[PDB]
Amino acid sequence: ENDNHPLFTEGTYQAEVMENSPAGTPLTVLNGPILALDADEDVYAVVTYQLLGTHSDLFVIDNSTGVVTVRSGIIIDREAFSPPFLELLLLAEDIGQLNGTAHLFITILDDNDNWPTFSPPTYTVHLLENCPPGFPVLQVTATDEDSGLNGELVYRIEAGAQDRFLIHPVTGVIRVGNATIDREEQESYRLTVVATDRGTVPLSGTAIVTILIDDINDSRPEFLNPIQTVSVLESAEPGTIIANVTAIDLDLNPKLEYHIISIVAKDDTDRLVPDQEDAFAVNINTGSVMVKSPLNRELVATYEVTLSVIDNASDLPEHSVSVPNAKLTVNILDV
């Protein structure tokens, strides 16, 4: 006769299984083997095992041994279960269909199968020139759908910083290093930033950060021909172009004006001649220098002309005028 029914060794079985485990991978069952005993003699003592519940379909149970395995056809993916926990009903039956039950609590262990990804992959940011050391430029962030160390990200810059920007490993905040940021030295930067996780086989994602340097007008105009000495015929008439000073300004929208700052005039015997500030003129826009007053060697034999260029657009008074000024020496030849 059938005087007893199956009875499991435990009431709850605590199992675990790694995600992406192949079909036939058996559950790791932490509290003894799954096992139901039936106290009858002979035929009424053998048990058949079933396995039931929402998510039973991911597994198979051996109906004779009660061992439990990943089914073929299916993929166990931790990232589709939050929490990462399955509960199932174990049912043991005997030949007269009397039965017993137990629980199967399965933890889905994490595998580092998701990359740190950046949304968006690219970053474009403007940064004004001459910023102090430590100026925060922008903050990047990567997402990683894994957990624990498999989802915890260290940021770094793989290349492009050129010892001028630094990134906070945790926050992913990029800041100016201890180094000058001069738009005249470099207009833009292209950083590659790596976000790396802490999985045993670590995974990394990367982002392009383009850093565009905005302009302050802070660079002084430079004469390209600072010293010049030219000999002019005493018969050279007013209006005659005799020389030409030219300057470059490396800022974005310079408004260069040219000026004669002094004219020092001298005798053939080297003695000074006063009130010769009208001898020559310079074009304010072109830096073209012209004879303006009629000439004579035995009145003035040489002129030292000093010239300067100012950047009207300048944002810094200190970097608005030429250093050095242009020197033009005009030696008068006899006729």
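Just count from 1 along the sequence shown to find any residue number.
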Going by the mean C-alpha B-factor recorded in the entry, which is higher: 182-190 or 261-269? 261-269
Which is higher in the entry, the mean Cα B factor of 240-248 or that of 124-132? 124-132
Could you check 50, 296, 286, 308 and tell me which one carries the biggest Cα B-factor in the deposited entry? 296
Residue 30 CA temperature factor, ranked by third within the chain: highest
By the record's CA B-factor, is residue 221 among the lowest, middle or highest third of residues in the chain? lowest
Where the record places residue 42 (Cα B-factor, split into thirds across the chain): highest
Temperature factor at the Cα of residue 150, chain-ranked in thirds, falls in the middle
Ranked by Cα temperature factor within the chain, is residue 313 in the lowest third, the middle third or the highest third? highest
